[PDB]
Amino acid sequence: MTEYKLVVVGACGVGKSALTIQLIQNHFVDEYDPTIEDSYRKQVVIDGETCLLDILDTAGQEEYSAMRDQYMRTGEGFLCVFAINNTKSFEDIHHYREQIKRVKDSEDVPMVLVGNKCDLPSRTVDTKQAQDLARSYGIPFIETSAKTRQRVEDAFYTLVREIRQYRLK
Ligand SMILES: *C[C@H](O)C(=O)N1CCN(c2nc(OC[C@@]34CCCN3C[C@H](F)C4)nc3c(F)c(-c4cccc5ccc(F)c(C#C)c45)ncc23)CC1
Ligand SMILES: Nc1nc2c(ncn2[C@@H]2O[C@H](COP(=O)(O)OP(=O)(O)O)[C@@H](O)[C@H]2O)c(=O)[nH]1
Ligand SMILES: [Mg+2]
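Residues numbered from 1 in each chain as written, not as in the entry; some residues may be left out. Chains lettered and ligands numbered in written order. Heavy atoms only, no water. Residues with missing side-chain atoms left out of burial classes, pairs and counts.

By the method listed in its record, X-ray crystallography, this PDB entry was determined to a resolution of 1.60037058083 Å.

See the structure below:
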């Protein structure tokens with residue numbers, strides 16, 4: 001099958017692991033160990049194509065090294081996650097995109113911006129604000145809830161679609 005290497009990035013606590021485990025296992029994990037970084041695979045059919053998703057759930061220590069860069073560089077698309085009730089995690093998005101552009105050495109990298117925890121009532125980041133930022137980046141924006149599973153498949157499948165478009169260009 002066709003493999004897609006996805007990398008889930010974003011601040012501590014935004015829901016990277018919860019989103020990943022929701023997609024793979026269809027259940028919601030609270031308080032998942034923030035130090036554990038793993039890759040998860042799933043075979044899925046997206047727009048008629050059988051896909052093997054290989055999803056890196058980034059975690060643990062913020063590390064910069066030639067080795068780490070090399071590893072990140074193998075990522076084909078990046079799910080850039082913030083939490084809609086945490087403004088700092090949203091303003092961190094610039095940094096993550098900066099590092100992605102740096103290691104991929106391109107201003108064109110498949111990316112999807114994800115505003116997670118959209119089930120919560122105490123939003124601090126407006127949907128429109130994130131939409132406008134995503135538009136400036138030229139990437140899709142989707143709000144998700146790893147808790148209710150709202151748009152979780154949409155978020156990951158949108159990233160696959162972005163990678164497919166990049167490959168065809
Ligand atoms: C909670 C738990 O420890 C956790 O999940 N994480 C996630 C990974 N990790 C991390 N953080 C940051 O930015 C954190 C920030 C706050 C303190 C200082 N620092 C700078 C900003 F102010 C925000 N950044 C990165 C990071 F860039 C990378 C990484 C390293 C090398 C290259 C690349 C290339 C592309 C990438 F997408 C990433 C990513 C992610 C790269 N890695 C991990 C980071 C905090 C702990
Ligand atoms: N209400 C709500 N809580 C979430 C959601 N996603 C993650 N969480 C909670 O936020 C905390 C951090 O999530 P986690 O997946 O560990 O974040 P990570 O550090 O980015 O991997 C956990 O307690 C989760 O239960 C969500 O969509 N809604
Ligand atoms: Mg985690």
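What follows continues from the structure just given.
Asks: Could you clarify how one ought to interpret the site of ligand 1 in this entry?
Replies: Taken together, 21 residues surround ligand 1, and among them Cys 12, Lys 16, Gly 60, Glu 62 and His 95 come closest. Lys 16 places a polar side-chain atom, nitrogen or oxygen, 3.0 Å from an oxygen atom of ligand 1. Taking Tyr 96, its side chain carries an N or O atom lying 3.1 Å from a nitrogen atom of ligand 1. Bound to the protein, ligand 1 loses 79% of the 840 Å² it would expose on its own. Looking at the shell around ligand 1, the elements that each hand over two or more residues are α2 (66-73) and α4 (93-104). (Near = heavy atom within 4 Å. Polar contact = N/O pair within 3.5 Å; in protein donor to acceptor, adjacent residues only side chain to side chain. Areas by Shrake-Rupley, 256 points an atom, 1.4 Å probe, with all protein chains shown as cover. Helix = DSSP H or I, 4+ residues; strand = E, 2+ residues; numbered from the N terminus.)

Asks: Got a minute to help me understand α4 in this structure?
Replies: Residues spaced three or four apart along an α-helix point in a common direction, a consequence of the helix completing one turn every 3.6 residues. The end-to-end C-alpha distance of α4, which contains 12 residues, comes to 16 Å, matching closely the 16 Å that a straight helix rising 1.5 Å per residue would cover. Turning to α4, its buried residues number three or more, namely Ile 93, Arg 97, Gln 99, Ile 100 and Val 103. Taken around the axis of α4, the buried residues stretch over an arc of 160 degrees, which confines them to a single face. Elements in contact with the buried residues of α4: β1 (2-9), α2, β4 (77-83), α3 (87-91), β5 (111-116) and α5 (127-137). Note on α4: the residue one or two positions beyond its end, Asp 105, has a positive phi of about 50 degrees. (Expected span 1.5 Å × (residues − 1). Buried < 20%, exposed > 50% of the residue type's maximum accessible area, 1.4 Å probe, protein only. Arc of directions from axis to C-beta. Contact = heavy atoms within 4.5 Å.)

Asks: Teacher, can you tell me more about the sheet that holds strand β2 (residues 38-46) here?
Replies: Strand pairing in a sheet takes place through backbone hydrogen bonds and is either antiparallel or parallel in direction. Taken in spatial order, the six strands line up as β2-β3-β1-β4-β5-β6 in an open sheet, and their pairing is mixed. Looking at strand neighbours, the two that pair on one side only are β2 and β6 (141-143), the edges of this open sheet. Between one strand axis and the next, the sheet turns through 25 degrees on average, direction left out of account. In the sheet, β2 pairs with strand β3 (residues 49-57) via nine bridges, with the strands oriented antiparallel. Along β3, the bridge assignment pairs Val 44 with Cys 51. Across the sheet, α5 touches β4, β5 and β6, and the angle it forms with β6 is around 155 degrees. (Pairing = 2+ DSSP bridges. Axes fitted to C-alpha atoms, helices over the stretch in contact; angles between N-to-C directions.)

Asks: Hey, could you run me through unusual backbone geometry in this one?
Replies: Note on backbone geometry: most residues besides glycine have negative phi, and most peptide bonds are trans. Backbone geometry places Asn 26, a non-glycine residue, at a positive phi of 60 degrees. Turning to its location among the elements, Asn 26 is positioned in the loop between α1 (16-25) and β2. On the accessibility criterion, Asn 26 (46% relative accessible area) is partly exposed. Despite not being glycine, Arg 151 has its phi angle at roughly 55 degrees, a positive value. Note that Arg 151 resides in the loop between β6 and α6 (152-168).

Asks: Quick question: what am I supposed to make of the packing of aromatic side chains here?
Replies: Centre distance and the angle of the planes are the two values used to describe a pair of aromatic rings. All told, the structure shown has two aromatic pairs when counted by the stated rule. Measuring from ring centre to ring centre gives 4.8 Å for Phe 82 and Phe 90, while their planes differ by 65 degrees; the resulting arrangement is edge-to-face. For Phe 90, a relative accessible area of 4% puts it in the buried group. Ring geometry for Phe 82 versus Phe 141: centroids 6.2 Å apart, planes at 10 degrees, classification stacked. Within this pair, whereas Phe 82 is found in strand β4, its partner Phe 141 is found in strand β6, the two being separated by 59 residues in sequence. With relative accessibility at 17%, the residue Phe 141 sits in the buried group. Put simply, the rings of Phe 82, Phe 90 and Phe 141 pair up and form one aromatic cluster. (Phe/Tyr/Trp six-rings, centres within 6.5 Å; stacked < 30°, edge-to-face > 60°.)

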